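Colleague: Below are the structure tokens for one structure; questions will follow.
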Amino acid sequence: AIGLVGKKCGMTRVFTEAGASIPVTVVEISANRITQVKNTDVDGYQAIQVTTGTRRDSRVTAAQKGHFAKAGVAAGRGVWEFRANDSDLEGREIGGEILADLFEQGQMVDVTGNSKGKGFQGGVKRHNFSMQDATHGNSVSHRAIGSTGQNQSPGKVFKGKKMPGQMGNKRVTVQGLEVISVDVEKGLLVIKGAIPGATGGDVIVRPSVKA
Amino acid sequence: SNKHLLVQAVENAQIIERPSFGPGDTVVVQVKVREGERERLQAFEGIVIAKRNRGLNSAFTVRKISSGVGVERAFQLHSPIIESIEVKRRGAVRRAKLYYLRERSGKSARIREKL
Amino acid sequence: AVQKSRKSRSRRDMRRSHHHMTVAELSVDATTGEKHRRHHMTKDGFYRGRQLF
Amino acid sequence: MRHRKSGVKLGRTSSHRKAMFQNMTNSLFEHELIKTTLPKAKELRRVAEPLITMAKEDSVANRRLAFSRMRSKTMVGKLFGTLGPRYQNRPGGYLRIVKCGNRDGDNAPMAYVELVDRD
Amino acid sequence: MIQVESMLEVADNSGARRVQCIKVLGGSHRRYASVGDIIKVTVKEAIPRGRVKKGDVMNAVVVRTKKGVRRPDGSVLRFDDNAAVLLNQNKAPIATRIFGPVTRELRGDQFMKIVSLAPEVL
RNA sequence: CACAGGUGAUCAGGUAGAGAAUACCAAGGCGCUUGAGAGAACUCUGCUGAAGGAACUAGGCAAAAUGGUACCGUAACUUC
RNA sequence: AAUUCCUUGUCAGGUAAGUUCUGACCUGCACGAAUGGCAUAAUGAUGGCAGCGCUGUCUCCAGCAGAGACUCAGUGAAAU
RNA sequence: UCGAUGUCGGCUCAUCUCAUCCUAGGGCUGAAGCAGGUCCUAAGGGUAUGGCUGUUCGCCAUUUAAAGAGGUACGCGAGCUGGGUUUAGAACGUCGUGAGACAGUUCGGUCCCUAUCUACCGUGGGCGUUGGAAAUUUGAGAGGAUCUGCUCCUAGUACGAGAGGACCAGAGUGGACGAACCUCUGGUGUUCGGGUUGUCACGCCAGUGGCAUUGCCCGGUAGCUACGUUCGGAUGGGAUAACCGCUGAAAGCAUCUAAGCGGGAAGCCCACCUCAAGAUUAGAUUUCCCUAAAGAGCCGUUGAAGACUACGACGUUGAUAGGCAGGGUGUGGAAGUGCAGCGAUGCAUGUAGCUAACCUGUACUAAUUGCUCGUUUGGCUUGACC
């Protein structure tokens with residue numbers, strides 16, 4: 001139930017001997033250093049905290065420097081927690097190591113990332129609203145929202161109405177993705193599929209919850 | 001070369017050597033075909049009208065006429081579906097892409113030989 | 001299109017509560033000792049111990 | 001969106017933007033110190049610096065190529081005569097931008113563009 | 001990518017020359033038919049004293065498309081025309097000669113007759 | 001109103017061009033009295049568009065399309 | 001039928017499917033001969049219907065360019 | 001309501017009901033099977049495109065699992081349309097002597113408003129959360145999602161006189177819908193490369209540039225993007241609806257019910273995804289700091305982050321951006337020179353020259369240890385420990 005944090009390196013293909021192209025995405029896995037083990041006695045729940053990447057010393061606060069020093073690890077670019085159970089808290093000690101060995105070839109994974117940000121978007125792109133007529137006398141409402149409600153009853157707009165607003169740049173999970181290849185010496189994780197986000201983004205790969 | 005150096009490691013292990021060819025050239029591509037259980041090679045002869053050079057992602061489209069109707073196939077260069085490619089005639093064209101040949105049929109859809 | 005009642009002065013000022021004048025950051029040039037806008041040359045053309053005139 | 005896109009618009013057509021940056025490049029080559037708007041100063045580097053790079057080696061093809069983009073025979077002569085053999089051993093960064101406040105007329109952020117090494 | 005009101009050549013010798021798609025079958029809001037997909041056609045142009053006449057409503061299978069058919073390696077395969085082969089009430093081919101190539105998407109049970117009768121199969 | 005409207009006559013350069021059309025220039029005259037950024041939605045004005053090709057719609061509205069010269073050739077009908 | 005209420009009359013044609021269209025019938029609510037009748041070549045920014053071509057009209061919208069929108073500085077309305 | 005509450009239809013966008021159209025669970029059947037018919041439960045999803053007509057509807061064609069009935073100012077014109085109705089022109093039929101008239105017809109006929117408040121979609125500022133800070137988090141709760149076809153197999157079995165033809169199990173493949181993504185297939189690609197028309201200029205030739213929609217045309221990088229790719233809608237748990245019970249008395253029998261014990265639906269509550277402590281009950285954990293600290297901010301270089309913000313990165317102890325260097329990609333064969341040709345032109349030098357946004361590096365330029373905010377051990381009461 002624990003995963004690892006990597007960086008989206010970009011997309012490519014893997015060819016099979018039958019001549020099928022598999023769309024894959026490449027994840028750089030630096031070492032996931034364990035910075036804290038949360039247990040039920042102290043925190044009320046079981047989790048593993050890891051860090052990965054690096055920061056320069058001038059960019060790490062005194063509080064975070066002490067947090068990393070208590071574990072014995074080097075400061076990473078971020079800190080991520082994975083909810084675990086007694087089975088997961090087996091060989092996981094503070095200052096310990098999590099590599100790409102966590103996953104096997106052919107294992108289904110869930111991958112989470114920040115989607116690409118589209119900024120402010122209209123209803124047509126954000127919610128697949130139909131466009132109104134391009135011609136036929138249509139005035140200046142070609143990509144307009146259309147009606148936003150009923151009449152006097154209810155005399156308001158219902159909450160959760162689909163409107164323009166910020167699109168993308170949100171946490172998104174894609175489930176049911178296959179591990180195409182694992183390599184740990186090079187920190188390589190090759191996964192079948194799309195992987196939300198841009199290249200260089202932080203991605204979290206966990207074992208698939210559908211199973 | 002255009003990608004993340006770690007994408008390049010995955011791409012470079014997958015490269016099939018093939019002979020060089022340009023747009024305008026007439027090529028024969030041997031395509032692996034699996035009917036039910038046996039595998040054979042089907043020939044695809046025609047003019048290379050376009051190609052995108054993208055390393056592992058390279059592709060080239062070949063245009064022939066098959067009994068009246070014209071067919072194009074955009075082969076993926078480094079795909080094991082491509083058993084082999086051999087260049088019959090070398091072309092002398094003035095442009096990378098020969099899309100104008102789609103409106104040409106006979107004595108007008110012919111390109112000069114390169115010597 | 002238009003209000004059904006005039007806005008009260010209190011509500012107009014609540015809208016204006018975010019209206020501030022930006023205050024620039026200032027430094028002292030090491031050579032001339034003159035005050036200047038941070039990351040900007042001085043009135044005399046001095047910036048980070050260098051002349052432009 | 002604008003993801004990974006380069007270039008400026010500056011409220012102009014592309015023809016006007018090209019002509020104005022050609023004018024600014026020539027003005028900077030002649031006077032070696034100009035005062036302009038800060039976004040214009042930042043975009044001036046991507047046009048003026050490649051001309052100095054190509055003038056580092058003097059040839060007929062290079063001189064003609066510089067004149068194709070500058071259209072000032074005086075500035076092309078000056079470029080290939082002194083500027084290239086002034087930045088011969090400099091790997092880029094031939095001009096520096098110094099912020100110099102705001103314009104009186106419209107409060108536009110201003111900057112001086114100076115050629116390095118005695119402008 | 002064949003939709004309603006698109007015209008197709010006839011790749012067989014049923015008598016038809018041009019057919020018009022009046023329904024893409026196989027789904028409530030189904031949009032396009034590709035190679036191998038069953039469509040309802042009206043015969044717009046028929047050969048004199050043929051088996052089908054102008055105005056028949058029948059079944060056809062798309063056999064080649066201008067949009068093209070994708071292959072597992074990522075290659076695409078495009079034709080210069082959109083073509084169809086007329087079928088009977090049980091969606092079985094009604095011809096004894098096929099004109100022009102077809103693709104391997106017709107391989108299976110019902111259209112094996114079209115595949116065997118085609119001059120060339122891709 | 002220092003207002004995209006209206007206001008009679010006269011003069012009539014060049015290269016293309018049938019042309020006082022049009023394009024680019026001469027003489028001459030101007031840059032149209034807010035600018036600077038940014039480069040969201042949405043609006044206006046344009047350009048390009050896979051496959052399809054009127055399925056849109058009250059209606060092909062709008063758009064797209066055609067477009068020159070020479071020659072060949074040209075139907076119903078006609079008051080010739 | 002620019003005239004027919006009943007009425008989308010009936011029959012034929014055109015479409016896969018045609019309250020519109022064309023042909024015909026005559027049961028003309030409620031045509032008809034200078035408030036002219038029936039036709040009619042040519043003509044019409046006239047009405048109806050049908051095709052070819054052509055297309056972002058549409059399936060189903062995408063990308064791009066300029067002017068706004070947005071931020072800064074200056075000036076500074078409106079109806080209510 | 002007449003000191004004005006805009007009409008029908010369409011478009012866009014919906015929201016609710018259940019008297020349920022499909023899918024789900026059932027009882028009865030004139031239920032053999034396959035199919036149905038009725039009624040009970042069930043509102044979680046889903047629930048065509050066209051031809052005609054201004055139509056709603058309706059008929060028709062072809063589908064679909066199905067093409068539900070309704071409410072919402074017969075939802076929705078300060079969101080769009082303006083075909084009909086319902087101004088002024090004109091005509092026909094008809095009525096009137098007439099001016100005129102007609103739920104008769106016909107051709108034609110200006111749809112304004114920059115949004116204050118509520119609402120809603122997003123995105124910030126402030127303050128608070130018992131000293132302050134940097135992070136990581138629990139989850140009271142909230143939202144999203146919930147559809148379904150066909151093929152094979154069981155099995156040509158059960159059933160049936162035949163015709164036909166299963167349940168229950170299992171395997172695969174679609175349609176619609178949604179999300180992410182750009183490797184591929186394409187689209188676009190007005191600071192990329194060429195070709196080319198007219199004209200003007202750079203003294204001239206050559207070579208180039210301006211202008212003509214980017215002049216036009218042919219390609220095309222990155223990005224963005226769908227029609228491309230990949231993924232998702234769970235077969236699980238709990239309690240239930242109708243319905244079916246077990247045992248069982250009231251009521252020696254019977255009886256699902258009164259005591260007690262079971263089964264049971266796409267529905268309910270979880271489970272999946274997202275948000276979530278202003279959950280003022282403001283939660284938890286790990287570190288850091290307190291005679292201006294820990295930090296935060298301004299400023300600067302900026303980003304597949306973005307309206308402004310915020311958010312992410314970096315500021316010399318530096319690859320943050322530009323440049324530069326080396327690649328890649330695209331275009332397709334630069335200029336000059338030479339050769340061949342009367343010349344247009346062709347060939348060679350040489351896959352050349354150019355090359356946006358891509359990759360990998362590199363301090364050359366620009367990121368100034370400047371300033372501001374933020375302190376000084378965090379009240380009291382009680383208990384336990386000390």
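Colleague: Using the alpha-carbon atoms, what tilt in degrees (0 to 90, nearest 10) does helix A:62-71 show relative to the longest principal axis of chain A?
Modeller: The answer is roughly 50 degrees.
Colleague: Could you please state, rounded to a whole Å, how far the C-alpha centre of the stretch D:1-29 is from the C-alpha centre of the stretch A:172-195?
Modeller: With the stretch D:1-29 and the stretch A:172-195 each reduced to a Cα centre, they are spaced 42 Å.
Colleague: Same structure, new question: About the Cα centre of the stretch A:77-131, what is the dipole size in debye to 20, counting +1 per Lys and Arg Cβ and -1 per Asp and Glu Cβ, all else neutral?
Modeller: The dipole magnitude comes to about 900 debye.
Colleague: Take A:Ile94 and B:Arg40, extend 7 Å from each Cα along the Cα→Cβ direction, and tell me the distance between the two endpoints in nm.
Modeller: Computed distance between label sites A:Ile94 and B:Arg40 equals 7.1 nm.
Colleague: Now for a separate question. Treating cross-link reach as a plain straight distance, find the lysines whose alpha-carbon is under 28 Å from the alpha-carbon of C:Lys43, omitting any fewer than eight places away in the same chain.
Modeller: Those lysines meeting the cut-off are C:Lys35, D:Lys35, D:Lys40, D:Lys42, D:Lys99.
Colleague: Next question. About the Cα centre of the stretch A:21-108, how large is the charge dipole given +1 on each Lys and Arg Cβ and -1 on each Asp and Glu Cβ? Please answer in debye to the nearest 20.
Modeller: For the stretch A:21-108, the charge dipole is close to 640 debye.
Colleague: A follow-up question, please. List the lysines whose Cα sits under 28 Å from the Cα of B:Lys51, skipping any in the same chain fewer than 8 residues away.
Modeller: Straight-distance partners of B:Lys51: A:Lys192, B:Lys3, B:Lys32, B:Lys64, B:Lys88, B:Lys97, B:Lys107, B:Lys114, D:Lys5, E:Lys66, E:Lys67.
Colleague: Here's another thing I want to ask about it. Who wins for biggest fluctuation among B:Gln76, B:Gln42, B:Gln30 in a Gaussian network model of chain B, springs between alpha carbons below 10 Å?
Modeller: B:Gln42
Colleague: Determine which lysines satisfy two conditions relative to A:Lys125: a Cα distance under 18 Å, and not lying fewer than 8 residues away in the same chain.
Modeller: Result set, ordered by chain and number: A:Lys116, A:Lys161, A:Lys162, A:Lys170.
Colleague: How high is the FRET efficiency from A:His142 to E:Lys53, r the C-beta distance, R0 41 Å, rounded to 0.05?
Modeller: FRET efficiency, A:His142 to E:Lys53: 0.35.
Colleague: Read phi for every residue in the stretch B:98-115 and hand back ³J(HN,Hα) as whole Hz from Karplus 6.51 cos²θ - 1.76 cosθ + 1.60, θ = phi - 60°, with x for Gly and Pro.
Modeller: Taking θ as phi minus 60°, the curve returns 10, 5, 5, 5, 5, 9, 10, 10, x, 5, 9, 8, 10, 10, 5, 6, 8, 10 Hz for the stretch B:98-115.
Colleague: Which longest run of chain E has no exposed loop site in it, a site being trypsin sites (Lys or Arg not before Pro) in a DSSP loop with at most 11 other beta carbons within 10 Å, and the site itself not part of the run?
Modeller: Value returned for the longest uninterrupted segment is E:50-96.
Colleague: Can you compute the modelled spin-label distance between C:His39 and B:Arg89, with each label point 7 Å from Cα toward Cβ, in nm?
Modeller: 6.4
Colleague: Specify the angular offset, from 0 to 90 degrees and rounded to the nearest 10, of the alpha carbon long axis of helix D:14-31 from the longest principal axis of the alpha carbons in chain D.
Modeller: The two axes meet at around 60 degrees.
Colleague: In Å, what Rg and Dmax follow from the Cα atoms of chain B?
Modeller: 15.6, 49
Colleague: Can you tell which of E:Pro93, E:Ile114, E:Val76 lies farthest toward the positive end of the dipole of the stretch E:20-122, using +1 and -1 charges on the Cβ of basic and acidic side chains (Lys, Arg; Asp, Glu)?
Modeller: E:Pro93
Colleague: With angles folded into 0 to 90 degrees, how steeply does helix D:38-55 sit against the dominant principal axis of chain D? Use alpha carbons for both and round to 10.
Modeller: 10
Colleague: Take the Cβ-Cβ distance between D:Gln88 and E:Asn90 as r, set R0 to 60 Å, and report the resulting FRET efficiency rounded to the nearest 0.05.
Modeller: The pair D:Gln88/E:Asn90 has a calculated efficiency of 0.10.
Virtual Cβ from ideal backbone geometry, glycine too; neighbours counted across all protein chains shown. Every number in this text was worked out from the coordinates using simple rules, so none of it is lab data.
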